[PDB]
């Protein structure tokens, strides 16, 4: 037997999600608290996101990592599709960044180590995320980063990719220029992310899409004076024009600035 909505007690809504509301719920048999994303079958089909949601579910449902939001299972009824997802108690990372303006080095480095570990887990499985940005990250009970959206993700076993996707300030040069891209786009986005964590704004921020595109393709990086030499070293090593020259994810995890500042803690595991 699979799950049904009757298997849960809906506690309260958590907010609007992608194409559906999310609710805090408790699964009865286990009294286990989780988030339930509810999608309406008709809205999806009528918005042409059928062969999009399937891929997001197809990818997210097979990833098991402490810094990737877990999809426990999923089910459906006459009118709705329900995704049983991990509850991230501390909510939206972007809200926390907006509240603080910018994160200190400890918080940034910890998030970077977690991000790199999760992206490394994805890459070892030929999954490219392609849309790493603050808004796609949630935070666990102890503030641990959780990659929570896989809307632009792709399982790319062999052939390079051509789709422009992601978010303006986070686009790597190769996408802007219409070249093919590979998993190294995530290394670039991780560099933009580290910069935004520490500064509060993305590095190529501009009034128009054309001037931002221009800054990205010229890698017009201008470091604010308050950044440490170590954070600049890491950012500079990720934001390289040529994908092959970008610091590998293992390199981010072993970078001295990350080692010296990260206070990463692995969540307790079952046993």
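Residue numbers count along the first chain shown, from 1.
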* Out of 158-166 and 133-141, which one has CA B-factors that are higher on average in the deposited record? -> 158-166
* Average Cα temperature factor in the PDB entry - higher stretch of 110-118, 142-150 -> 142-150
* **Deposited CA B-factor, highest of 29, 61, 231, 245** => 29
* Structure fact -> Note to self: of 212, 42, 218, 236, the C-alpha temperature factor tops out at 42
* **For residue 36, the third of its chain into which the C-alpha B factor falls** => middle
* Structure fact -> On the chain's distribution of Cα B-factors, residue 100 falls within the third called highest
* Ranked by Cα temperature factor within the chain, is residue 68 in the lowest third, the middle third or the highest third? -> lowest
* To do: Ordered by C-alpha B-factor within the chain, which third holds residue 196? Give me lowest, middle or highest, please.
  => lowest
* Looking at the C-alpha B-factor of residue 255, is it in the lowest, middle or highest third of its chain? -> lowest
